[PDB]
Amino acid sequence: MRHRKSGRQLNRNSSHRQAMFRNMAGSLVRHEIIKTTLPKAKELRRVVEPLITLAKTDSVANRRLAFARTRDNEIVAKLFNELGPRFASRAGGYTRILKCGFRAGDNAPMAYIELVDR
Amino acid sequence: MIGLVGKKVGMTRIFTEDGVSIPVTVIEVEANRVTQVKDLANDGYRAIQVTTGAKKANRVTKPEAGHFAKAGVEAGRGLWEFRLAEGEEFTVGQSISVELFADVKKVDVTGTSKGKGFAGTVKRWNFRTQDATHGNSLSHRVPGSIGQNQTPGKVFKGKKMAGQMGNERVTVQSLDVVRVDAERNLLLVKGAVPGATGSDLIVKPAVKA
Amino acid sequence: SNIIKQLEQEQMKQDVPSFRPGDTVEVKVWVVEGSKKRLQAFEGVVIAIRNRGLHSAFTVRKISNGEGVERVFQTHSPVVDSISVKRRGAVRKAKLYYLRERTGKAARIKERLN
Amino acid sequence: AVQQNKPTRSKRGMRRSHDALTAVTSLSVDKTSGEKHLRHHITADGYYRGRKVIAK
Amino acid sequence: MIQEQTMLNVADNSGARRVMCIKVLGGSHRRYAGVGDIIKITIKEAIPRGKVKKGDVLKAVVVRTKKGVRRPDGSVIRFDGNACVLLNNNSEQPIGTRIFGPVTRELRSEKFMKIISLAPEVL
RNA sequence: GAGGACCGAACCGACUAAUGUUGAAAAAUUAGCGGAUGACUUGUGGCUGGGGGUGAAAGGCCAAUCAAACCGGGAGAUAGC
RNA sequence: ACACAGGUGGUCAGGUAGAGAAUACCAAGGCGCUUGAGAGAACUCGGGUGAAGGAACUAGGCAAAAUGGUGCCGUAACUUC
RNA sequence: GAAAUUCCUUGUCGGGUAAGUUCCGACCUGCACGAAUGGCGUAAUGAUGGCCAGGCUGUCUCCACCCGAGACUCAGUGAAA
RNA sequence: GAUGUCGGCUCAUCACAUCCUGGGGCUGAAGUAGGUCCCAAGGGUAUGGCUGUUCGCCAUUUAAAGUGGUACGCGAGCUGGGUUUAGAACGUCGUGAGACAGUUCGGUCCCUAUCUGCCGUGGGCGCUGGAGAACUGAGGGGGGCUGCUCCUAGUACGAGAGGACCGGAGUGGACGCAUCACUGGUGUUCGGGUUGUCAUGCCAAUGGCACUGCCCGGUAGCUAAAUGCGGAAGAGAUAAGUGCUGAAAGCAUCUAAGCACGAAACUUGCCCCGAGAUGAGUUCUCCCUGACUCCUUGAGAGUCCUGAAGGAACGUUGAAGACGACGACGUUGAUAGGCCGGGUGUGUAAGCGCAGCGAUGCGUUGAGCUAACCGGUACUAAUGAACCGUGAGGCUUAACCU
Ligand SMILES: [K+]
Ligand SMILES: [K+]
Ligand SMILES: [K+]
Ligand SMILES: [K+]
Ligand SMILES: [K+]
Ligand SMILES: [K+]
Ligand SMILES: [K+]
Ligand SMILES: [K+]
Ligand SMILES: [K+]
Ligand SMILES: [K+]
Ligand SMILES: [K+]
Ligand SMILES: [K+]
Ligand SMILES: [K+]
Ligand SMILES: [K+]
Ligand SMILES: [K+]
Ligand SMILES: [K+]
Ligand SMILES: [K+]
Ligand SMILES: [K+]
Ligand SMILES: [K+]
Ligand SMILES: [K+]
Ligand SMILES: [K+]
Ligand SMILES: [K+]
Ligand SMILES: [K+]
Ligand SMILES: [K+]
Ligand SMILES: [K+]
Ligand SMILES: [K+]
Ligand SMILES: [K+]
Ligand SMILES: [K+]
Ligand SMILES: [K+]
Ligand SMILES: [K+]
Ligand SMILES: [K+]
Ligand SMILES: [K+]
Ligand SMILES: [K+]
Ligand SMILES: [K+]
Ligand SMILES: [K+]
Ligand SMILES: [K+]
Ligand SMILES: [K+]
Ligand SMILES: [K+]
Ligand SMILES: [K+]
Ligand SMILES: [K+]
Ligand SMILES: [Mg+2]
Ligand SMILES: [Mg+2]
Ligand SMILES: [Mg+2]
Ligand SMILES: [Mg+2]
Ligand SMILES: [Mg+2]
Ligand SMILES: [Mg+2]
Ligand SMILES: [Mg+2]
Ligand SMILES: [Mg+2]
Ligand SMILES: [Mg+2]
Ligand SMILES: [Mg+2]
Ligand SMILES: [Mg+2]
Ligand SMILES: [Mg+2]
Ligand SMILES: [Mg+2]
Ligand SMILES: [Mg+2]
Ligand SMILES: [Mg+2]
Ligand SMILES: [Mg+2]
Ligand SMILES: [Mg+2]
Ligand SMILES: [Mg+2]
Ligand SMILES: [Mg+2]
Ligand SMILES: [Mg+2]
Ligand SMILES: [Mg+2]
Ligand SMILES: [Mg+2]
Ligand SMILES: [Mg+2]
Ligand SMILES: [Mg+2]
Ligand SMILES: [Mg+2]
Ligand SMILES: [Mg+2]
Ligand SMILES: [Mg+2]
Ligand SMILES: [Mg+2]
Ligand SMILES: [Mg+2]
Ligand SMILES: [Mg+2]
Ligand SMILES: [Mg+2]
Ligand SMILES: [Mg+2]
Ligand SMILES: [Mg+2]
Ligand SMILES: [Mg+2]
Ligand SMILES: [Mg+2]
Ligand SMILES: [Mg+2]
Ligand SMILES: [Mg+2]
Ligand SMILES: [Mg+2]
Ligand SMILES: [Mg+2]
Ligand SMILES: [Mg+2]
Ligand SMILES: [Mg+2]
Ligand SMILES: [Mg+2]
Ligand SMILES: [Mg+2]
Ligand SMILES: [Mg+2]
Ligand SMILES: [Mg+2]
Ligand SMILES: [Mg+2]
Ligand SMILES: [Mg+2]
Ligand SMILES: [Mg+2]
Ligand SMILES: [Mg+2]
Ligand SMILES: [Mg+2]
Ligand SMILES: [Mg+2]
Ligand SMILES: [Mg+2]
Ligand SMILES: [Mg+2]
Ligand SMILES: [Mg+2]
Ligand SMILES: [Mg+2]
Ligand SMILES: [Mg+2]
Ligand SMILES: [Mg+2]
Ligand SMILES: [Mg+2]
Ligand SMILES: [Mg+2]
Ligand SMILES: [Mg+2]
Ligand SMILES: [Mg+2]
Ligand SMILES: [Mg+2]
Ligand SMILES: [Mg+2]
Ligand SMILES: [Mg+2]
Ligand SMILES: [Mg+2]
Ligand SMILES: [Mg+2]
Ligand SMILES: [Mg+2]
Ligand SMILES: [Mg+2]
Ligand SMILES: [Mg+2]
Ligand SMILES: [Mg+2]
Ligand SMILES: [Mg+2]
Ligand SMILES: [Mg+2]
Ligand SMILES: [Mg+2]
Ligand SMILES: [Mg+2]
Ligand SMILES: [Mg+2]
Ligand SMILES: [Mg+2]
Ligand SMILES: [Mg+2]
Ligand SMILES: [Mg+2]
Ligand SMILES: [Mg+2]
Ligand SMILES: [Mg+2]
Ligand SMILES: [Mg+2]
Ligand SMILES: [Mg+2]
Ligand SMILES: [Mg+2]
Ligand SMILES: [Mg+2]
Ligand SMILES: [Mg+2]
Ligand SMILES: [Mg+2]
Ligand SMILES: [Mg+2]
């Protein structure tokens, strides 16, 4: 049973999952739209949107938290200097997912995820 | 004696003045609305059909809506029947409230038990595990033998095996009625009842008593 | 959750003092022996607190007549007549289970000055 | 464990009576580009619900 | 939560210092004895000139347990160790004259009133 | 500064367990295990040949073969089964 | 017999901790092991934690748990000293 | 000396355990020990056989939850007795 | 041209020659407690020490610790201690090789389930116009154990010792079902402490790796050791047994006619499944009220128009789930994520300042962070469509209106 539980295991261990979403969150902040599998995209929402919410309030402590969670100074700077202000008046829902068929190699269901104001 | 349809809100406790904590299941019993009365002449048996709660119109189909409209009542979230005793009479469109239980000491509560999915024999039937060690080969939670030999050369019906567990109708009998609060549409019974929070419950005066 | 909230709120006590893990508290509880009702005190260190509304509890440890004893009180129970803080303790942890392995000088808790 | 008797072609077919595929019930038509597409998916030219959502 | 092979301290001055449960009395397949339950014991250690000898088989009443006791409001009382009071095998009256450490009100009955009266504290 | 000395990697082994048993492997993997300056271990090359070799001896080993190797021949041995 | 968890003699020997060629994390350098995507049933495999009890398990404490370093104090019977 | 030997036999007595066909100490009625196909001892040694205890524990009472790899679903390839 | 062994473990199923519990006759049955026989198979029916043991003896329980059948039930379910390969030794026998249901130490347990069977779960068609619901209940399954204390009553009985039937109340053991409010376990998705090392330029702050590095706590969920509930009462027909009235047989006789009692067995009462119950049942409600052509002329075929109720599909999903299935929701919207507030958990973040040579302490500060929780909120994603399903539903005979 998994009654009421949240989060996807994605056939990985916890350290792999944490690292992969750190990288993928960085890619989405950098490029503003990426293509990935539909389940990974759904999971990435729960990682990326709290980072933007955090970047709404610029302070040394929040920059350090964002650096702890992304380990990329270019990504932290983009968060606090661009994305925070771009989304200062939006109450959540900073990304949108668009389904786009199936991968050639493995028939995996695919989706684009983008920032809403891209 | 008819019963009423309610909803499992959750569990809590009632502290009494002499220092006893009574665990209770909180059951929300909104007014039950009589939608059909069945009798010997037309249906061959005596019962009432009730609805309760509310439903959204675009999820109410035309056949359901016609049934409710004949009754003259608003659509609820489902329909349930209760058989009538010899001296019980009701009329279509009547409302029955939780005050029906005001003087009832004990109740039977029926619900759909929580769903465990496919369960093994240890959990489903309380089978004993075999050795964790002492040489056991791949057989720690497995069922063991399932029969005899050439006689009878088959497995008997009703053999206890792995399969779906829970998610089925269950009645718990003879629960104390701790509180009837008609103003808040509340029934408080002592102890646990089947089903997840939010689920539908059928509550009747206890058959054993 | 409002129905159960109302049911719980009407039962909560209104005069529970503030206390922290590491404090010494005296709890006065009702004891019935036949027809008589009297208060018995239980005083010791608070080693755990469960903050859970009407279901709040706290655990008190003492060494009694040569024997360690723990009582888990249900905070809003009418059996508990009163709680009073005798001494304020200075600890870091929320749960002081390590005190179970300590006696005498090793089990002392510094006073919290404030 | 293994069969004692060779199963028949008839029984093979009976087992496969559940194997057929099902075609997509119907495709959707983008209100701007007019392309057919799987419902709730973008079009091959990158439209969704009449908006050019992605380039190429 | 005492079972066969559980070792218990002795809350009296009978002379026994360590006893082992060898049977939970009072029912077929009965698993556990708690506070206020009678068990069969063997004496595994005793002081030299006491009232009982190492190797004796007799009865005892459990008076303190680590698992503890629950009260009608949900509260719990737990002790640091398991302890019992030795009883004569036939009369089920205590063998010692003194009781050491606190006991609980679960012993408040006609059977264990001597223990209740002798205990330094009753919780 | 002795030692078929001691603890312990490489190196040489193979005491226990799980796995594996149409294997990842026709003898292994994993966790533990023994020796580890010696009657030690290892590279290259040499010598011993089948009723024969070699054997700190288990009928062990002598090319995934051993109470008499392998290949060819007598040979279509013989077979009251 | 395989793009096979096996076997294969010699040489080189950085940093921090460390007695160390053990072990952990790294350097130079080299790699992610030639099916992937989901799900989060029973059961199997490899692991983590467990209330009270503590060998009651079992042929048998099998397996597991446990002990584990350096310095100092201290150490019985027996002995071929 | 009831033994790596004792059939009768779980011999009998003592010890250890609540309870001991095993174990230890004895007795001698040695079915069927016995002096280099050596007798009786023996410090040290042993992945050697038996027995007891402290510690320790999911071995067990009696199982529960969790983390991974399969199992299950989709796409590609595609065996076996 | 192979039907694997003793014992253990796991899982059982039947018989009754009944171990307990239920009912009864006789007793050399005062009572309590027994003996013996009859009826009775509903349910129940030890844990340990020794030994490979089955058995047995022993310890300590229990209402009791039943006897047998099922390939001496069960190794394509587990074990492998014993028996029964190859090594080795003792006693013994033999000149010897060797031997011994004598002993002793050591000694590889394979199989991915086609069919039957069984546990679960779907797809098809049927049930005669289609569709959405609520049911009836033929039939099937589950369940059915019992201790102790108190009252009756120190009464009946008994010289005393002792000590009841019948009836009533309470509280347990074992078993079962549900649940998570409490007490707890888990809680690699939350918070903190800390060792070694590498990195982010460095300080400070952080991250990776080392079993989650090692640990201390812990939310939701799952859960037992946690805590609610259950076994019944009642009814019908009976077993053994006990009778009433009563002749055959002037008496007697429970029986031949007639009538009455009588048990955990039987049929019900309680719980679950259940109309594929093809004997395919009932009730409520909803929907469809066009045109033409052809042939072998009929429950015929075809074309145009029409496309309902409803369903399905797709999407967002769920204490529902292996997949199917089942439930919720799709902008006329709280279905999921995010967001806002709260709770919970951890336990006083960072930065700055003060004290101290410094490690560190103190203030700002119960701070900061906080999963699966609670209350809200259209920010994001749940699309306008399209698809399936039709167009008043056979014959015969009655009854009735017509
Ligand atoms: K179960
Ligand atoms: K050499
Ligand atoms: K030879
Ligand atoms: K060869
Ligand atoms: K030869
Ligand atoms: K390393
Ligand atoms: K799955
Ligand atoms: K699954
Ligand atoms: K002898
Ligand atoms: K002999
Ligand atoms: K003995
Ligand atoms: K000789
Ligand atoms: K000699
Ligand atoms: K050895
Ligand atoms: K030895
Ligand atoms: K049987
Ligand atoms: K009987
Ligand atoms: K009798
Ligand atoms: K029976
Ligand atoms: K025997
Ligand atoms: K057989
Ligand atoms: K086997
Ligand atoms: K077979
Ligand atoms: K098997
Ligand atoms: K061996
Ligand atoms: K067959
Ligand atoms: K089927
Ligand atoms: K009773
Ligand atoms: K709980
Ligand atoms: K919990
Ligand atoms: K670090
Ligand atoms: K920095
Ligand atoms: K008569
Ligand atoms: K039907
Ligand atoms: K299902
Ligand atoms: K939401
Ligand atoms: K808090
Ligand atoms: K501070
Ligand atoms: K600070
Ligand atoms: K806080
Ligand atoms: Mg959720
Ligand atoms: Mg995979
Ligand atoms: Mg790691
Ligand atoms: Mg479920
Ligand atoms: Mg078991
Ligand atoms: Mg094996
Ligand atoms: Mg295993
Ligand atoms: Mg047959
Ligand atoms: Mg055949
Ligand atoms: Mg198929
Ligand atoms: Mg040496
Ligand atoms: Mg060798
Ligand atoms: Mg190895
Ligand atoms: Mg050595
Ligand atoms: Mg060594
Ligand atoms: Mg030759
Ligand atoms: Mg030989
Ligand atoms: Mg060879
Ligand atoms: Mg020859
Ligand atoms: Mg010839
Ligand atoms: Mg020939
Ligand atoms: Mg490869
Ligand atoms: Mg290779
Ligand atoms: Mg090498
Ligand atoms: Mg180095
Ligand atoms: Mg290394
Ligand atoms: Mg490099
Ligand atoms: Mg798993
Ligand atoms: Mg496991
Ligand atoms: Mg562990
Ligand atoms: Mg434990
Ligand atoms: Mg803990
Ligand atoms: Mg513990
Ligand atoms: Mg212990
Ligand atoms: Mg044992
Ligand atoms: Mg045993
Ligand atoms: Mg071991
Ligand atoms: Mg270990
Ligand atoms: Mg013998
Ligand atoms: Mg003997
Ligand atoms: Mg003896
Ligand atoms: Mg001897
Ligand atoms: Mg000899
Ligand atoms: Mg001789
Ligand atoms: Mg001589
Ligand atoms: Mg001689
Ligand atoms: Mg000689
Ligand atoms: Mg010799
Ligand atoms: Mg000797
Ligand atoms: Mg050696
Ligand atoms: Mg496939
Ligand atoms: Mg054959
Ligand atoms: Mg009979
Ligand atoms: Mg009787
Ligand atoms: Mg039966
Ligand atoms: Mg029967
Ligand atoms: Mg019955
Ligand atoms: Mg023992
Ligand atoms: Mg034994
Ligand atoms: Mg057999
Ligand atoms: Mg049998
Ligand atoms: Mg078999
Ligand atoms: Mg064997
Ligand atoms: Mg033989
Ligand atoms: Mg052995
Ligand atoms: Mg043997
Ligand atoms: Mg097998
Ligand atoms: Mg069907
Ligand atoms: Mg049938
Ligand atoms: Mg039945
Ligand atoms: Mg229970
Ligand atoms: Mg809760
Ligand atoms: Mg906890
Ligand atoms: Mg933890
Ligand atoms: Mg997180
Ligand atoms: Mg952490
Ligand atoms: Mg630093
Ligand atoms: Mg690294
Ligand atoms: Mg590394
Ligand atoms: Mg009758
Ligand atoms: Mg007469
Ligand atoms: Mg009964
Ligand atoms: Mg819409
Ligand atoms: Mg601080
Ligand atoms: Mg910190
Ligand atoms: Mg402060
Ligand atoms: Mg918050």
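All heavy atoms count here, side chains included; hydrogens, waters and symmetry mates do not. Order of the sequence lines sets the chain letters (A, B, ...), proteins ahead of strands, with each chain counted from 1.
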Student: Given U183(I), is OP1 or OP2 found less than 4.0 Å from the side-chain N or O atoms of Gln74(C)?
Tutor: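 Yes, because at least one side-chain N or O of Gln74(C) sits under 4.0 Å from OP1 or OP2 of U183(I).
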Student: Has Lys116(B) got a side-chain N or O lying under 4.0 Å from the OP1 or OP2 atom of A322(I)?
Tutor: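 No, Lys116(B) has no side-chain N/O under 4.0 Å of OP1/OP2 on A322(I).
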Student: When rounded to the nearest Å, what value does the distance between P atoms of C57(I) and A30(I) take?
Tutor: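 After rounding to an integer number of Å, I get 35 Å for this pair.
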Student: On a whole-Å scale, what distance lies between the P atoms belonging to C105(I) and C90(I)?
Tutor: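 One P to the other, the span is 15 Å.
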Student: Quote, to the nearest angstrom, the P distance that separates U171(I) from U227(I).
Tutor: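 Taking atom P in both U171(I) and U227(I), they lie 16 Å apart.
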Student: Residues in ring-ring contact (aromatic ring centres under 6.0 Å, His included) with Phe79(E), at least two apart?
Tutor: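 For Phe79(E), no residue satisfies ring-ring contact (aromatic ring centres under 6.0 Å, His included) once neighbours in sequence are set aside.
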Student: Using the sign of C1'-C2'-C3'-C4', would you call the sugar of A275(I) north or south?
Tutor: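 Negative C1'-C2'-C3'-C4' torsion, south pucker.
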Student: Once you round it to whole Å, what is the distance between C1' of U183(I) and CZ of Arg13(B)?
Tutor: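 Whole-Å distance recorded here is 10 Å.
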Student: Do the six-ring planes of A30(I) and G31(I) sit under 30° apart with centres under 5.5 Å?
Tutor: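 In short, yes, the neighbouring bases stack by the stated criterion.
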Student: Please check the phosphate of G68(H) (OP1 and OP2 only) for any side-chain N or O of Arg17(A) closer than 4.0 Å.
Tutor: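 Yes, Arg17(A) has a side-chain N/O under 4.0 Å of OP1/OP2 on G68(H).
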Student: What is the nucleic acid contact for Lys56(A), judged by heavy atoms within less than 4.0 Å: base, sugar-phosphate only, or nothing?
Tutor: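 Nothing, no nucleic acid heavy atom in range.
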Student: For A226(I), take OP1 and OP2 only and decide whether either is under 4.0 Å from a side-chain N or O of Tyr32(E).
Tutor: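 For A226(I), neither OP1 nor OP2 has a side-chain N or O of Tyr32(E) closer than 4.0 Å.
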Student: Tell me whether the sugar of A386(I) sits north or south, going by the sign of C1'-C2'-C3'-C4' (positive is north, negative is south).
Tutor: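 With a positive torsion about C1'-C2'-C3'-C4', the sugar belongs to the north class.
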Student: With syn defined as a glycosidic angle within 90° of 0 and anti as everything else, classify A131(I).
Tutor: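 Anti for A131(I); the angle lies over 90° from 0.
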Student: Is it true that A249(I) and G250(I) stack, with six-membered ring centres under 5.5 angstrom apart and planes under 30°?
Tutor: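 As far as the 5.5 Å and 30° test goes, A249(I) does not stack onto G250(I).
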Student: Could you tell me whether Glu81(B) contacts a base, only the sugar-phosphate backbone, or nothing, with contacts defined as non-hydrogen atoms closer than 4.0 Å?
Tutor: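 Touches sugar-phosphate only.
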Student: Do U219(I) and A164(I) pair up in this structure? I mean Watson-Crick (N1 to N3 plus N6-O4 or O6-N4) or G-U wobble, both distances under 3.5 Å.
Tutor: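 No; nothing between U219(I) and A164(I) satisfies the definition, which requires both distances under 3.5 Å.
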Student: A2(F): syn or anti, with syn meaning chi within 90° of zero?
Tutor: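 This nucleotide is in anti.
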Student: Just how far, in rounded Å, is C1' of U331(I) from CZ of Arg59(B)?
Tutor: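 In whole Å, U331(I) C1' and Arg59(B) CZ are 13 Å from each other.
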Student: Reckon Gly191(B) touches a base, only the sugar-phosphate, or nothing at all at heavy-atom distances under 4.0 Å?
Tutor: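 Sugar-phosphate, backbone atoms only, no base.
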Student: In whole Å, what separates the P atom of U200(I) from that of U219(I)?
Tutor: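 Here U200(I) and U219(I) have their P atoms 40 Å from each other.
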Student: For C314(I), does OP1 or OP2 lie under 4.0 Å from any side-chain N or O of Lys99(A)?
Tutor: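 Result: no.
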Student: With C1'-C2'-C3'-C4' as the criterion (positive north, negative south), name the sugar pucker of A378(I).
Tutor: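 That sugar belongs to the south family, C2'-endo side.
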Student: Identify, via the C1'-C2'-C3'-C4' dihedral, which side the sugar of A237(I) sits on: north or south.
Tutor: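 North pucker for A237(I).
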Student: Does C272(I) have OP1 or OP2 under 4.0 Å away from a side-chain N or O of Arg169(B)?
Tutor: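 Result: yes.
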Student: Base, sugar-phosphate, or nothing: which does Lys67(E) touch, judged by heavy atoms less than 4.0 Å apart?
Tutor: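 Contact class for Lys67(E): base.
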Student: Given the P atoms of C72(I) and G4(I), what is the spacing between them in whole Å?
Tutor: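 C72(I) and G4(I) have their P atoms separated by 13 Å.
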Student: Under the rule syn = chi within 90° of 0, otherwise anti, which is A52(G)?
Tutor: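 For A52(G), whose glycosidic angle is more than 90° from 0, the conformation is anti.
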Student: Any donor-acceptor pair under 3.5 Å linking the side-chain atoms of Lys40(E) with those of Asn89(E)?
Tutor: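 Checked: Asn89(E)/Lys40(E) side chains pair up, N/O donor to acceptor below 3.5 Å.
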Student: What form does the base of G69(I) take, syn (within 90° of 0) or anti?
Tutor: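 Judged by the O4'-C1' to base torsion, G69(I) sits in anti, the angle falling more than 90° away from 0.
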Student: Side-chain N or O of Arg31(E) versus OP1/OP2 of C175(I): is the shortest distance under 4.0 Å?
Tutor: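 For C175(I), OP1/OP2 do have a side-chain N/O of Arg31(E) under 4.0 Å.
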Student: With P as the reference atom in both, quote the distance from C270(I) to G231(I) in angstrom, rounded to an integer.
Tutor: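 Each nucleotide's P atom is 13 Å from the other's.
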Student: Under a 3.5 Å cutoff, is there a donor and acceptor pairing between the side chains of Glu8(C) and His76(C)?
Tutor: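 Note: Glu8(C) and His76(C) side chains miss the donor-acceptor criterion.
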Student: When the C1' atoms of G50(F) and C62(F) are compared, how many Å lie between them, rounded to an integer?
Tutor: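 Those two atoms are separated by 9 Å.
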Student: When you measure from the side-chain N and O atoms of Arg83(B) to the phosphate of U136(I), is any distance below 4.0 Å, counting only OP1 and OP2?
Tutor: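 True: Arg83(B) side-chain N/O within range (under 4.0 Å) of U136(I) OP1/OP2.
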Student: Does a side-chain N or O from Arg50(C) land closer than 4.0 Å to OP1 or OP2 of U183(I), or not?
Tutor: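 For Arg50(C), the contact criterion (side-chain N or O under 4.0 Å from OP1 or OP2 of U183(I)) is met.
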Student: With a 4.0 Å limit, can you tell me whether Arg45(A) has a side-chain N or O closer than that to the phosphate oxygens OP1/OP2 of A381(I)?
Tutor: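 No.
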Student: For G324(I), decide between syn and anti, treating a glycosidic angle within 90° of 0 as syn.
Tutor: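 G324(I): syn.
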Student: Please confirm whether the shortest side-chain N or O distance from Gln164(B) to OP1 or OP2 of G321(I) is below 4.0 Å.
Tutor: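 Looking at the OP1 and OP2 atoms of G321(I), one of them is under 4.0 Å from a side-chain N or O of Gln164(B).
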Student: Output yes when at least one side-chain N/O atom of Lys56(B) is less than 4.0 Å from OP1 or OP2 of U335(I), else no.
Tutor: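 No, outside the criterion.
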Student: Indicate whether any N or O donor in one side chain lies under 3.5 Å from an N or O acceptor in the other, for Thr95(A) and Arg45(A).
Tutor: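 No donor-acceptor contact under 3.5 Å links the two side chains.
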Student: Using the test ring-ring contact (aromatic ring centres under 6.0 Å, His included), find all partners of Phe19(C) that sit at least two apart in sequence or belong to another chain.
Tutor: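 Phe19(C) satisfies ring-ring contact (aromatic ring centres under 6.0 Å, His included) with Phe58(C) only.
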Student: OP1 or OP2 of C222(I) versus the side-chain N and O atoms of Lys114(B): is any pair under 4.0 Å?
Tutor: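 For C222(I), OP1 or OP2 has a side-chain N or O of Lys114(B) closer than 4.0 Å.
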Student: For nucleotides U13(I) and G141(I), find the distance between their P atoms and express it as a whole number of Å.
Tutor: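 The answer is 14 Å between these two P atoms.
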Student: Rounding to an integer number of Å, can you tell me how far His134(B) NE2 sits from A55(G) P?
Tutor: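 Roughly 14 Å, once rounded to whole Å.
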Student: So what's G262(I) doing, north or south, if we go by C1'-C2'-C3'-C4' (plus is north, minus is south)?
Tutor: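 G262(I) falls in the north pucker range.
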Student: Between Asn13(A) and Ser15(A), is any side-chain donor less than 3.5 angstrom from a side-chain acceptor?
Tutor: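 Yes, because at least one side-chain N or O of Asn13(A) sits under 3.5 Å from a partner of the opposite role on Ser15(A).
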Student: Under 4.0 Å between a side-chain N or O of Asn126(B) and OP1 or OP2 of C177(I)?
Tutor: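 Yes, such a contact exists.
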Student: Does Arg20(C) get its side chain close enough to the base of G366(I), under 3.5 Å, for a donor-acceptor pair?
Tutor: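 Donor-acceptor pair under 3.5 Å: yes.
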